[PDB]
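Below is one structure, written out as structure tokens; the observations come after it.
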Amino acid sequence: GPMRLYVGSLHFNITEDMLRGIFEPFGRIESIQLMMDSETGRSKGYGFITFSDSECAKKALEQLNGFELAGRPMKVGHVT
Amino acid sequence: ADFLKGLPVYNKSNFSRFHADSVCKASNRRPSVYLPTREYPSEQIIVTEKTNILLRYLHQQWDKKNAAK
Amino acid sequence: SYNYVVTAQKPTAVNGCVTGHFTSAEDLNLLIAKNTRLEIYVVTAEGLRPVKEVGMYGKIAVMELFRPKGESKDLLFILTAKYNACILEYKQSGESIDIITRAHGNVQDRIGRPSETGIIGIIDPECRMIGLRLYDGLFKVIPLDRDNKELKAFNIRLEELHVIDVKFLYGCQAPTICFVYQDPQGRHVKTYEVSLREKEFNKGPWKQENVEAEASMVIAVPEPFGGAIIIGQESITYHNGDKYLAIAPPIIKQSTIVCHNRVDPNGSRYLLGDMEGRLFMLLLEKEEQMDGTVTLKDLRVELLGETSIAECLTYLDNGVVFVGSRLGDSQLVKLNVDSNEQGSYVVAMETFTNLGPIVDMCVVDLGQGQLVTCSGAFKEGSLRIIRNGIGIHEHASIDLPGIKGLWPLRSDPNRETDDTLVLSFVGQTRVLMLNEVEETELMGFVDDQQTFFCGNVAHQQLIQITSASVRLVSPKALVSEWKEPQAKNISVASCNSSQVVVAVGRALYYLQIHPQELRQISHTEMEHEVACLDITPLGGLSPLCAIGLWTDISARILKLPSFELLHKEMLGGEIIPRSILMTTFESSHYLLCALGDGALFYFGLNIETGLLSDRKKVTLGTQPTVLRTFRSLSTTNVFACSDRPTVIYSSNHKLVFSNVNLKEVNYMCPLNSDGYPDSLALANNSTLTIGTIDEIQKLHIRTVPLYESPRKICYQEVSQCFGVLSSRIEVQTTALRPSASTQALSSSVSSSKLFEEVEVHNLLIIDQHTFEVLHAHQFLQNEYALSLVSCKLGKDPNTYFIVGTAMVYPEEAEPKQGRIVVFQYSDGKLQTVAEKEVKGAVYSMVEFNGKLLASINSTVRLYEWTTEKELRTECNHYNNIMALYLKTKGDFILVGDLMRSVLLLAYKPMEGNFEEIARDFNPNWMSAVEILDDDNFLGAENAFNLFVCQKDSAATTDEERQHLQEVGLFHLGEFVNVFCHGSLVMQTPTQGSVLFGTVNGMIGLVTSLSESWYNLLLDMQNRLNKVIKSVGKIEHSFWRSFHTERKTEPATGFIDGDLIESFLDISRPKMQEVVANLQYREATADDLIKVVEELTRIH
Amino acid sequence: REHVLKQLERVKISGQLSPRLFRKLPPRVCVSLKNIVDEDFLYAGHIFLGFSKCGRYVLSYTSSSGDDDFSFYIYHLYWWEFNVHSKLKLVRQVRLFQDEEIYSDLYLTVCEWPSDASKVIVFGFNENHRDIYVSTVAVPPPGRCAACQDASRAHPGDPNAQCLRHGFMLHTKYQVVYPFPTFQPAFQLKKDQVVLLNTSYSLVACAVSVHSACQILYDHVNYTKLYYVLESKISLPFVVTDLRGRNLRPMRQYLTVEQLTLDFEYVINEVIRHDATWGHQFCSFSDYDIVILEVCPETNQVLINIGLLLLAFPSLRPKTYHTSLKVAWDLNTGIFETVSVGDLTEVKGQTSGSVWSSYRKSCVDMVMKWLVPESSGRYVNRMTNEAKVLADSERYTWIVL
Ligand SMILES: Cc1ccc(NS(=O)(=O)c2cccc(C#N)c2)c2[nH]cc(C#N)c12
Ligand SMILES: [Zn+2]
């Protein structure tokens, strides 16, 4: 089946496009969702990414998790 | 008073003959207005570097990298 | 559609001031920035000598003096708000003053975003570069280098995106900036080195430190201290690396410090100014070392006293400090060593009138219109009454009829001030002495003959010329006496310090004044009887005698002592010259001659030749004029005594006339006493007046201090008084000082039951003649009065003051409750008639065809006023964001929105509701609006531009009918707070008259033109721009371009009246060069003169 | 700690009025979409995108099928005039990507250029290819266009008959391959009238402009200017139409469509042969990913970063390495100059996927580092909405969805 991933600890300036940039080279992406602040318009610093195939999502998690992006270590995990 | 003694004097004669109007007016307030009819050419011209910072930087670094060998 | 904008009053707020040696290396200069104007002064013995004023084509944002290694005097660096950079030099050869543009260019960056705390311009102490903070994230460096044709600026990326203040440090091997920045973590101070070779930053001399959260200012301390001082809300800190010193003095905790300046060149002492107008000294305690050097031991702050609220401070010389105020009058103050009884060390020497900010204003006919403003803020709050004409501040009035002449006199030779006033009567003379009042007798002077002249002469002697004799007086005694051979009467008399010419009928006799001797030099007989005489020595022994005759009605210049005729002028008519005078104005010599019918002739006069040129004529009064020179504020001017008293003076090398606001003056003389410095003595048929004259200019201004902030003003003719909203700060409540609202005759307090430092609002009733606060009505706790109108409503015959308010709470952030209150001022007290609750802030109100139009938040509402004395809503309009401004004409309503431009409504009487006619679809952050006419709407916005909107008179469809088209655009350079229909002139090339009031205290006038006049004057502009050079080499067209961050657009449909008027001030050849090619056909340099003269009469 | 009314008192005495000082405070006016949309469009599938920068328009798009063509997509864009509380008037309706059978539901985005409110630009995306649709639609006339009136006079026309500037569209489609080039709207559109399009094999700078009785790109390589007029092999095939959709007539007022191209393979091969310190151990290159780092829109410089995968000798046997080339690209000249060349790092066991992700992270890092804020004047507007609030340029007016 597909696979949602939490992506958090993002610099507040990372865009939905940038996540697509960083994650997409791993596999097909069913949906990317960066949580925005409805009041300010800036991101909440976190979001979810859905890979069409889970074995891909797993590689992305492995490769990207705990690694600095914009100087902020990126967190990536499995979500029910 | 300690802190007010020795207040700077550039010319002792300054304000010596200062007498103000009885409604606190002393200085003349209507200077002749400068209206140039003729003008001296400017010796130099101020201009900005058109090159982007990041360009300039990345060019520099590389230029002093190949200058290593 | 076609508009014309001219200055009626130049900006008066001080934005910056700097001191240095700019004109010469020796002299000491004060330079003052008033928006677009740069004033240049030289410090002298008497105080400030004006040298030069220059009008920049830009708002001056940065103004720094600096001296590079190979320079004899300081250079001036200016940056304007539109990023015009220049380096300027004062040059002088002989008498000719020029400002040289050493360097110029525009430093704007497209990529850049203007910073929170605005434009900051700093120069390295070793003049190695100029640093600019223009935008968040970028530091612009202009390397200073003589041997280049291109001063190439570069940007250095700055990781700190929110910079509060930056300075260059002293005593550094590399140029080093020190700055305060804000981040989530707080406020901090950091240093960087600026390397020109790397076009990059380097790690600075010392590390970063967390500082005060309210830290707002950086001071670069000079050697031998080096390092920096950081000023916070309640803390002052010194840093120099290993050394860190911090003081938290309680004294500074009350208010915020907003400006500073260095007193001692080595930085041992600094002046600091706070928001409440307190003045402090910051002392740095030196520590001498075995090694030649000096370390900072301690920091002390000391309260010196109170000044105006200072925008900027500068120490001048001999304990004299110039206080430049934005919110109040500017000042010269003295710092003393001894305090006064109140414990104050500060003494005011001079005050300069600042109208700014004009927050509201109205035109009243107190046939000449007077303008009354709401001026200033906080303790500086005031009303200013502005009139055309000149006023006399009377200090004394004495019952003395039949005065036939008037002379000032120094009795003591060592006294350099007048102590005596000699008066003339039909056959008598009386002598008066100033403590104060009361008369005397002067030895050597006669009292039983009429004095025709008297006063101080050469060799420490005195003179008196009567109808009988000339008396020279020394120890006061008669030391010489001249009489006519046959003892005939002297009929006319004139005298300087050295010479005497007297007339005996047609006989003329020339005397000289020597030690204890009146020496007859020569004699002659004129063709006709002598009417009047003058021998003023022009730039103290005259080679010239000016004479007016009977019979031929002639003015003549005669050589002395030969009495040879150099020039005869037939004045014409059957009326004799009454008074004649030779005078200098602006190192230019004139003969002035006044006829007994009230006409005045003035000529240019050549000392060497004696030639009169340029008979110009003016009409002053019906009665004969008597001319007398006087000195006022270091300038020589002529008083013309008549039924219409006038001062004659010079502006831009041309003679100007201004009415003095008195009934009639027969005779006058200047009076420089100890009690009345540079005063004037005036005499009508019955009174001797002593008083001070207001500044010699077009505008005459009166100040009514309130000691709290005025907010709105309106006039109530029927009550013969003004209503003024004001607010005072009270502390947690109890007031800070007595002010207008706490000192009324009567007072009232709101009793409505409808609903850290605090504001307390009031409606002030102020007498229109005396400007006494007759009554003050205090609003509810937390109620802010926003709007005010005086008017009649409905069928009700009473006239009311109506106030719109808003409830403002600490734990809330926008208004949701408000009130409209109807007051009646009757029998000395303010009565509350009616009160209407509303669900927001009542931003604006206008009377509208006997109804009350109001704006509440984003709603515009129309109320009717019922029989039952209540406001009843008729209709609403809700399509606004924030309706702050309302203007009406007929059934039309112009709506100004803070963020959403202008909107035109109409009231439909049959439908009984509003209709949106059209709106301006450009976003514009409005400050003020006016209706110019039915189809033309004037707006001023937040970027200092004016624009004019029109209904589309070509609209075919209804959709097109609904756009307001922006047909006029113009960068004004001011922030408009109020627009007003009216004129300061008595009252054609122009239609309509809208005055405006600005934050900087500028008063302007907008008027309309025909397409024809516009096309002529626009062409004129373009020609004037090719002839007239702009200091800094800024293009006029660039300056006047409509400029916002979204768009930049050339000005259209607007003529710069100031430019146009300056055509009268250029040289004749350059005048002709402007008119080079033109049609009527060909060039009428004199016809264009006649045209512009018309345009100057609109104000 | 600030209150609206305290801020306004400040304004009158200081004369500093700026959107960024009230940015502390809550929206001035919120409106509900339910309350400003008409009844007819209420169940016709509109998805509202946002406000124009000028704040005069909300606009939206629709995605319907119909006919016998199920799972077959039509895209229309619509301009609505916002008038606060009153209902949104419909000003323009326009079909996107003409002549085009779309067998899949697109991710759609509309953009406005920084300083050009005359045209708007729309992007549509999405078995080892990816399809990209791009449309440039004229913006409705601000007020009353004299030329537009002539279009309803000199030509009888009717409602929706407009002149060229205020009524032309331009379509285009291209394919794209792994690694799928990033979407960089802020850079792609930083120069007015121009969009930079990454085809995987080249970068194409296209420009449209209207003129009346010169060149937006190549002034003073692959250039492709041609003209079109009103009335009935190249890098990037396109269709130029009017609002109704009639093909515009070529010329050889009027329209100018330009196309400057940068062939990645040329650039790579030449930077190695010329500038690379290791070009004499290079063999060949497998794959590349081009990311825009900056666009200097006045000087017309485009800085790009080229991530490479290649084969080279170590200094025995060849092996695959990763590097990045940095290249400037004049738009007036058409010439590119090397800015920087990186070292080779052995890719060993890392997949291609993780090599590209890792290359892109370093690009993001770099942009972020050198990022300077802009004025509200010059930002590229990007609108999107998939399946809460639509805010003005300044967030003082909200449409609550
Ligand atoms: C590397 C990178 C840079 C920029 C963008 N997007 S952008 O051009 O819209 C942008 C965003 C934020 C600031 C700016 C600026 N100045 C520009 C990218 N999108 C996906 C990316 C990947 N990998 C990527
Ligand atoms: Zn058109």
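Note on naming: chains are A, B, ... as they come in the structure tokens, residues start from 1 per chain, ligands start from 1 in the order shown.
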
*Mind listing the strand (DSSP E) residues of region 662-835 of chain C, per DSSP on the backbone, as a ChimeraX atom specification?*
/C:667-671,679-683,687-693,699-705,709-716,721-731,734-735,746-749,757-767,773-778,783-791,800-807,818-826,829-835

Selected residues, C-alpha atoms, written as an mmCIF file, in the first residue's frame, please.
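Wrote result_16.cif, looks like this:
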```
data_model
loop_
_atom_site.group_PDB
_atom_site.id
_atom_site.type_symbol
_atom_site.label_atom_id
_atom_site.label_comp_id
_atom_site.auth_asym_id
_atom_site.auth_seq_id
_atom_site.Cartn_x
_atom_site.Cartn_y
_atom_site.Cartn_z
ATOM 1 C CA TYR C 667 6.050 108.404 13.549
ATOM 2 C CA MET C 668 8.290 105.616 14.804
ATOM 3 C CA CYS C 669 11.895 104.844 15.773
ATOM 4 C CA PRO C 670 13.845 101.704 16.857
ATOM 5 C CA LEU C 671 14.554 101.304 20.571
ATOM 6 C CA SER C 679 11.946 97.162 20.417
ATOM 7 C CA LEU C 680 9.970 99.831 18.525
ATOM 8 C CA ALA C 681 8.341 103.101 19.596
ATOM 9 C CA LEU C 682 5.222 104.173 17.662
ATOM 10 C CA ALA C 683 3.085 107.317 17.807
ATOM 11 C CA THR C 687 -0.659 107.284 22.021
ATOM 12 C CA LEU C 688 3.007 106.414 22.377
ATOM 13 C CA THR C 689 3.346 102.645 22.014
ATOM 14 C CA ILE C 690 6.384 100.501 22.735
ATOM 15 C CA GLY C 691 6.420 96.913 21.472
ATOM 16 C CA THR C 692 8.280 94.103 19.714
ATOM 17 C CA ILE C 693 7.702 93.327 16.040
ATOM 18 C CA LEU C 699 3.018 85.025 7.631
ATOM 19 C CA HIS C 700 2.257 86.335 11.138
ATOM 20 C CA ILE C 701 1.872 83.545 13.707
ATOM 21 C CA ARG C 702 0.390 83.485 17.224
ATOM 22 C CA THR C 703 0.943 80.579 19.675
ATOM 23 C CA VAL C 704 -1.509 79.350 22.313
ATOM 24 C CA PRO C 705 0.261 76.640 24.407
ATOM 25 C CA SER C 709 -2.021 67.161 22.682
ATOM 26 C CA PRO C 710 -4.699 68.946 20.564
ATOM 27 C CA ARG C 711 -6.419 66.502 18.204
ATOM 28 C CA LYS C 712 -9.280 68.293 16.397
ATOM 29 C CA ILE C 713 -10.536 71.867 16.071
ATOM 30 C CA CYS C 714 -13.701 73.460 14.740
ATOM 31 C CA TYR C 715 -15.155 76.956 14.978
ATOM 32 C CA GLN C 716 -18.568 77.870 16.463
ATOM 33 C CA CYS C 721 -15.303 80.291 20.287
ATOM 34 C CA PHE C 722 -13.484 77.136 19.199
ATOM 35 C CA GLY C 723 -14.074 73.543 20.168
ATOM 36 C CA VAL C 724 -10.853 71.555 20.506
ATOM 37 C CA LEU C 725 -10.411 67.900 21.384
ATOM 38 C CA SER C 726 -7.271 67.214 23.412
ATOM 39 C CA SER C 727 -5.735 64.401 25.443
ATOM 40 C CA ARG C 728 -3.284 64.462 28.339
ATOM 41 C CA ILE C 729 -1.198 61.625 29.760
ATOM 42 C CA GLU C 730 -1.997 60.746 33.372
ATOM 43 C CA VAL C 731 -0.078 58.151 35.395
ATOM 44 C CA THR C 734 -2.658 61.480 38.437
ATOM 45 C CA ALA C 735 -1.487 64.054 35.895
ATOM 46 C CA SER C 746 -15.500 75.812 34.402
ATOM 47 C CA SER C 747 -15.224 72.045 33.878
ATOM 48 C CA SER C 748 -17.514 69.042 33.498
ATOM 49 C CA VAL C 749 -17.185 65.254 33.636
ATOM 50 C CA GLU C 757 0.178 55.430 31.676
ATOM 51 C CA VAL C 758 -3.268 56.441 30.370
ATOM 52 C CA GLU C 759 -4.778 59.065 28.063
ATOM 53 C CA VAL C 760 -7.555 61.358 29.315
ATOM 54 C CA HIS C 761 -9.583 63.085 26.595
ATOM 55 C CA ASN C 762 -11.425 66.396 26.760
ATOM 56 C CA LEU C 763 -13.487 68.807 24.707
ATOM 57 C CA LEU C 764 -12.041 72.295 25.227
ATOM 58 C CA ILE C 765 -14.122 75.425 24.612
ATOM 59 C CA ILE C 766 -11.746 78.272 23.750
ATOM 60 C CA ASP C 767 -12.586 81.990 23.368
ATOM 61 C CA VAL C 773 -9.923 77.943 27.992
ATOM 62 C CA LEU C 774 -13.484 78.807 29.080
ATOM 63 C CA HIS C 775 -14.587 75.205 29.671
ATOM 64 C CA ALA C 776 -13.244 71.628 29.610
ATOM 65 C CA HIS C 777 -15.474 68.530 29.404
ATOM 66 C CA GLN C 778 -13.703 65.319 30.388
ATOM 67 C CA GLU C 783 -12.904 56.947 26.091
ATOM 68 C CA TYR C 784 -10.980 58.554 23.227
ATOM 69 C CA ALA C 785 -12.553 61.452 21.343
ATOM 70 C CA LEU C 786 -11.832 61.024 17.623
ATOM 71 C CA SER C 787 -14.147 63.353 15.708
ATOM 72 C CA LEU C 788 -15.663 66.816 16.203
ATOM 73 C CA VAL C 789 -18.208 68.951 14.350
ATOM 74 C CA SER C 790 -20.042 72.185 15.073
ATOM 75 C CA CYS C 791 -23.456 72.431 13.418
ATOM 76 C CA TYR C 800 -24.091 72.011 18.845
ATOM 77 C CA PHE C 801 -20.617 70.629 19.301
ATOM 78 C CA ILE C 802 -20.887 66.945 18.376
ATOM 79 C CA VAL C 803 -18.136 64.503 19.386
ATOM 80 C CA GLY C 804 -17.561 60.942 18.164
ATOM 81 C CA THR C 805 -15.632 58.684 20.537
ATOM 82 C CA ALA C 806 -14.390 55.114 20.946
ATOM 83 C CA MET C 807 -13.883 52.992 24.052
ATOM 84 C CA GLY C 818 -18.295 53.957 20.804
ATOM 85 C CA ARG C 819 -20.500 56.949 21.337
ATOM 86 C CA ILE C 820 -21.716 60.115 19.644
ATOM 87 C CA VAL C 821 -22.342 63.010 22.028
ATOM 88 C CA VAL C 822 -24.228 66.241 21.333
ATOM 89 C CA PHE C 823 -23.190 69.216 23.481
ATOM 90 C CA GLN C 824 -24.524 72.766 23.656
ATOM 91 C CA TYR C 825 -22.273 75.583 24.821
ATOM 92 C CA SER C 826 -24.553 78.008 26.631
ATOM 93 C CA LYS C 829 -20.973 75.626 30.433
ATOM 94 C CA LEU C 830 -21.145 72.566 28.151
ATOM 95 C CA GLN C 831 -24.474 70.751 28.439
ATOM 96 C CA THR C 832 -24.884 67.158 27.237
ATOM 97 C CA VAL C 833 -28.002 67.152 25.066
ATOM 98 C CA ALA C 834 -28.025 63.658 23.580
ATOM 99 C CA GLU C 835 -25.861 60.548 23.495
#
```

_Interface, chain A side, toward chain D (9 Å; only C-alpha atoms) as a list in words_ = residues 13, 14, 17, 18, 20, 21, 22, 23, 24, 25, 26, 27, 38, 39, 40, 41, 59, 60, 63, 64, 68, 69, 70 and 71 of chain A

Writing out the chosen residues with N, CA and C atoms as a compact mmCIF listing (two decimals), in the first residue's frame:
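Output (selection19.txt):
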```txt
# COMPACT_ATOMS: atom_id res chain seq x y z
N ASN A 13 10.84 28.35 6.42
CA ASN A 13 10.92 28.94 5.09
C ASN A 13 10.89 27.87 4.00
N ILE A 14 10.99 26.59 4.40
CA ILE A 14 10.85 25.48 3.47
C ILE A 14 9.43 25.49 2.91
N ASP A 17 7.02 22.92 -2.42
CA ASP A 17 7.81 22.60 -3.59
C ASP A 17 9.17 22.01 -3.20
N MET A 18 9.78 22.57 -2.14
CA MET A 18 11.10 22.16 -1.70
C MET A 18 11.05 20.74 -1.13
N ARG A 20 8.87 18.51 -2.02
CA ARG A 20 8.71 17.72 -3.24
C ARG A 20 10.08 17.51 -3.89
N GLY A 21 10.86 18.58 -4.01
CA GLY A 21 12.23 18.49 -4.49
C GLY A 21 13.03 17.42 -3.74
N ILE A 22 13.00 17.49 -2.41
CA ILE A 22 13.90 16.69 -1.60
C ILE A 22 13.43 15.24 -1.55
N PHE A 23 12.10 15.02 -1.54
CA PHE A 23 11.55 13.70 -1.27
C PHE A 23 11.28 12.91 -2.55
N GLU A 24 10.95 13.62 -3.64
CA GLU A 24 10.39 13.00 -4.84
C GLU A 24 11.38 12.06 -5.50
N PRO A 25 12.70 12.38 -5.53
CA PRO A 25 13.70 11.48 -6.12
C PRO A 25 13.70 10.06 -5.57
N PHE A 26 12.88 9.80 -4.55
CA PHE A 26 12.83 8.49 -3.91
C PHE A 26 11.69 7.64 -4.47
N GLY A 27 10.61 8.29 -4.92
CA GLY A 27 9.47 7.58 -5.47
C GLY A 27 8.30 8.49 -5.81
N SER A 38 -2.97 29.41 9.49
CA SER A 38 -4.10 30.07 8.85
C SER A 38 -4.13 31.57 9.16
N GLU A 39 -3.44 31.98 10.23
CA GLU A 39 -3.42 33.37 10.66
C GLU A 39 -2.28 34.14 10.00
N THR A 40 -1.08 33.52 9.96
CA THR A 40 0.13 34.21 9.54
C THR A 40 0.45 33.92 8.07
N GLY A 41 0.21 32.67 7.64
CA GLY A 41 0.50 32.26 6.28
C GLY A 41 1.81 31.48 6.18
N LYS A 59 13.06 4.34 2.38
CA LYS A 59 14.39 4.78 1.97
C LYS A 59 14.54 6.27 2.26
N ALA A 60 13.50 7.05 1.93
CA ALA A 60 13.47 8.48 2.17
C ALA A 60 13.65 8.76 3.66
N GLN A 63 17.20 8.06 4.60
CA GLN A 63 18.19 8.96 4.03
C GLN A 63 18.09 10.37 4.61
N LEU A 64 16.88 10.79 5.00
CA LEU A 64 16.63 12.20 5.26
C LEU A 64 16.55 12.52 6.75
N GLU A 68 20.60 17.58 8.77
CA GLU A 68 20.40 19.02 8.77
C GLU A 68 19.84 19.48 7.42
N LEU A 69 18.85 20.37 7.48
CA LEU A 69 18.34 21.06 6.31
C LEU A 69 18.04 22.50 6.71
N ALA A 70 18.78 23.43 6.12
CA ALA A 70 18.68 24.83 6.52
C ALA A 70 19.21 24.98 7.95
N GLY A 71 20.04 24.03 8.38
CA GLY A 71 20.68 24.08 9.69
C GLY A 71 19.83 23.46 10.80
```

*Could you write out, as a list in words, all the residues of region 118-325 of chain D that DSSP marks as helix (DSSP H, G or I)?*
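Going through region 118-325 of chain D, the helix (DSSP H, G or I) residues come out as residues 146, 147, 148, 149, 150, 151, 185, 186, 187, 188, 264, 265, 266, 267, 268, 269, 270, 271, 272, 273 and 274 of chain D.
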
*Could you give me, as a list in words, every polymer residue with an atom at most 12 Å away from an atom of ligand 2, counting only C-alpha atoms and all ligand atoms?*
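The distance check yields residues 118, 138, 139, 140, 141, 142, 143, 144, 145, 146, 147, 148, 149, 150, 151, 152, 160, 161, 162, 163, 164, 165, 166, 167, 168, 210, 211, 212 and 253 of chain D.
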
*Name all residues at most 7 Å from region 42-55 of chain B (count only C-alpha atoms; drop same-chain ones fewer than 4 positions away) and give them as an NGL selection string.*
(:B and (59)) or (:C and (101-107 or 148-154)) or (:D and (296 or 299 or 370))

*Could you list, as a count of residues only, every residue of chain B that has an atom within 6 Å of an atom of chain C, counting only C-alpha atoms?*
30
